[PDB]
Every structure is written in structure tokens, then in C-alpha cells.
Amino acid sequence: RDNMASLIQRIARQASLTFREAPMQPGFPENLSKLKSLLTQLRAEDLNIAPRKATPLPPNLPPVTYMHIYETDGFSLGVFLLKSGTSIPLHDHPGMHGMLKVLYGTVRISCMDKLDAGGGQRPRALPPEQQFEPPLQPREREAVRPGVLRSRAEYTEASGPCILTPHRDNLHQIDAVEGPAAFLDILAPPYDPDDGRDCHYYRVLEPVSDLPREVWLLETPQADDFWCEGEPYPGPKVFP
């Protein structure tokens, strides 16, 4: 069709409309569904990203890299590229909406939430006799929170986009399965560590089993061996 912008430009426009009057323009549910529809059409070749295959990882190379596409105050738009056998560790997205689309390879995504009384749960404190492996230091026991592990599935470019909300599937872990993988990620609002909106990491405690099952979650510092460095984005530019 004549004069159509690139798909990635149109994704960026729609995320901007989604996450920021006669006739009435779309509301949030309609805009979210349109954003989702655009992401379902996106292929790696639309970003000029050749699928990557396996090559031992030198200790100085990042396990994961990041391609910056665009960002505003409303959203961030970029690509994460995982090397073989790497993992984006379990983390949350506080108060955020998220949408991701696998471009190549296969990822295991585990989706979780911390219990929230605003949803009709009655979150309880960890019981004192409940023990774990490894055992919990006293300051760690006080910091444990209950949560629920909702799903743990493999996703490829043929899967629908994966969506999260402030209150549903807000925690996830992404493991690269059977070689390298990459996905396009939209986050809204973006992280802002200077304004106290950081990426928080977690571990699921193993005590002393189908889904969904309740679990115990402990926040933890970013792992020593996890870091994500930028690399050039080769696809169509998002203007301006």
C-alpha cells in the first residue's frame, strides 16, 4: 500500500498512542489490542536482524545484548538478544505494562506475581517452621513475600506476543532454549532508576506440582554473572 511507514515505525507510533476527540479516538483496551496485532506481524527480517546460531562464552562477553530502537517518557522499545544457554533472571516490572515478541530461537518464559490483597488474596507472612534449601538468614526471612507461579512455557516466533500488566504475569524469567534467541520488548512506563523505578530481581525459594502453584519469593541483587550490553540496531530507524 502507498506511502506506508515501516512496521517498526508503526509499532512505535502505536505504543506511543497506547501509553502516551470528535470523532472519538481509541481507548486503552482498543489501543493495546492494536499494538498486539502489529507485534504479531513482526518478523526478524522486518528489523534486518539475521537469526543467530550457536558458536564457550568468553568471560568478557555479555551473555545478553540490547538493541535500542526508541524510547519516550511513555514507553521503551528495543530488542534483547540472548546467547546460547543464557538467561534473563527472574525480575519484575513495577507498575508497568509489557509486551514482547520472539524474533528467533526459543525462550522459556516463567510468569509470576507477588500476592496482592487488592486482587482478593490475603497474603500471609512466611511461617517460622517453614525451612528452605539453602536456609534463610533472618533478614532474608523478613523480606520473603508470597506469590504465585502462573505458567512456564516455551515460546517461539510463532507464538502470540507475551503481555504483562502491573497486576498479572508481572514477574518473568526468560531462558534461551536450544541456542540463541531474541525478542522485541515494549515497556511502559520505562525504567527510571534515577526516579526510584528500578529492575528488581527475585528467586523462588525451594522448601524441604502442577501450575498455578503458590511460591515464596525473595528479592535479590542483580546476579554477578548477569549483564546486558548494548549493540548497534540494524533495522529501520524510528523518526524523529
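For clarity, a rigid core is taken as the largest C-alpha set superposing within 1.5 Å between two forms. Start at 1 and count along the sequence shown; that's the residue number.
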| task | Would you say which of 134 to 142 and 69 to 77 moves more relative to the shown form in 7 other deposited structures of this protein, going by RMS C-alpha distance with the core superposed? | result | 134 to 142
| note | Per-stretch CA RMS vs shown form in 7 other deposited structures of this protein, rigid core as reference, larger of 191 to 199/46 to 54 is 191 to 199
| request: Go through the other compared entries with residues on either side of residue 115 and state whether a third or more give it no coordinates. | output: no
| query | Is it true that residue 225 has no coordinates in a third or more of the other entries in the comparison? | reply | no
| note | For the neighbouring pair residue 55 and residue 56, the stretch of deposited sequence with no coordinates amounts to 1 to 3
| Looking at the deposited entry, does 142 to 150 or 127 to 135 carry the larger mean Cα B-factor? | 127 to 135
| request: Taking the mean of the C-alpha B-factors per stretch from the entry, tell me the winner out of 165 to 173 and 117 to 125. | output: 117 to 125
| Highest CA temperature factor in the entry: which of 209, 65, 37, 31? | 209
| query | Which third, lowest, middle or highest, does the CA B-factor of residue 76 fall in along this chain? | reply | lowest
| query | By its CA B factor, does residue 109 count among the lowest, middle or highest third of the modelled residues in the chain? | reply | middle
| said: Based on the deposited C-alpha B factors for this chain, I'd like to know if residue 198 is in the lowest, middle or highest third. | reply: highest
| task | Rank-wise, by C-alpha B-factor, drop residue 21 into the lowest, middle or highest third of its chain. | result | highest
| task | Can you work out whether the C-alpha temperature factor of residue 27 puts it in the lowest, middle or highest third of the chain? | result | lowest
